[PDB]
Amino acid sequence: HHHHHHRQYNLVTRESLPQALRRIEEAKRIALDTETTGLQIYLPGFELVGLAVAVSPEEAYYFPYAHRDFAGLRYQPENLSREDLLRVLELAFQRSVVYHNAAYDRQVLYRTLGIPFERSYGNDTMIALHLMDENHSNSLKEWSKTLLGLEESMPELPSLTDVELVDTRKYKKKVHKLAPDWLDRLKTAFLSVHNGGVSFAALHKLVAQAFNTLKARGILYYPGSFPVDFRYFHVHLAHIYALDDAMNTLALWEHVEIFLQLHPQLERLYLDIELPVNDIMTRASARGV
């Protein structure tokens, strides 16, 4: 685990899974966010990579499911099993659930884990916030800046290699070696711009920059460019990104229930029309629109 400015980020492992279940079980309201291989849920090869679960706006659990190590480096933790994630989801759905874009997450959970839409149903900050400000962007990062007061951030990577002089004519050649602490150096570059709501593009820029710097120094080789694939994003960085989405969604929900209490006209519009219609459209895409 890691505490970064009032927020507790927990990376779940097989060992720490029972504590994560104890914290979810204790929560009256949770937020769910899915991390995946792309925006198209119905493309062959689509996968759920990890699940973010916030038990409060300052406490969350990341459940790695299909993360992988890229270009021969060793940095990912051990992924949790399908049964482990289904235990998490059985527990999660026994309390109130909040999403930011429930149509995406619920279709991901159905397609990849077979979670019925009946259990999946929950609140959606993206729908309720559209009733607060119709002209505002649907982006969770953008709404976090507006209501939660997150600072603007739109990544300067340190040297991940140490130069060693190696006896080789009769001279000393400069050979770059991967620094033993390269992961802590990479986390430091990430933390120096971490505002509590770092964007996907920014996370990918740093991850890509990390691998490209190592490829440009002969440390590793991969054919082509660095893929826009969350499976390869270093979990010790990516779990912070994913967990902030879950914590921002729950923090935004606190603001939403205040707004809906002051406007029961919009609360009724949200509960009787918006959320049910969105559920209808979500189930229809899962069959084929």
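Position 1 is the first residue in the sequence shown; the rest follow in order.
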### Query
From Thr168 to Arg169, how many deposited residues does the entry skip: none, 1 to 3, 4 to 9, or 10 or more?
4 to 9
#### Entry: Chain break class at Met154/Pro155 - deposited residues not modelled
1 to 3
### Query
Which is higher in the entry, the mean Cα B factor of 44-52 or that of 216-224?
216-224
### Query
What stretch has the higher average Cα B-factor here, 156-164 or 69-77?
156-164
### Task
Going by the CA temperature factor in the entry, name the top one among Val108, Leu89, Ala102, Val193.
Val193
### Message
Ranking every modelled residue in this chain by its Cα temperature factor as given in the entry, which third contains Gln94?
### Response
middle
### Task
Quick one: classify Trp182 as lowest, middle or highest third of the chain based on its Cα B-factor.
lowest
### Task
Ordered by C-alpha B-factor within the chain, which third holds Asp84? Give me lowest, middle or highest, please.
middle
### Query
Hey, what third does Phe259 fall into on Cα B-factor, ranked over its chain?
highest
#### Entry: Modelled-residue ranking by C-alpha temperature factor, third containing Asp133
highest
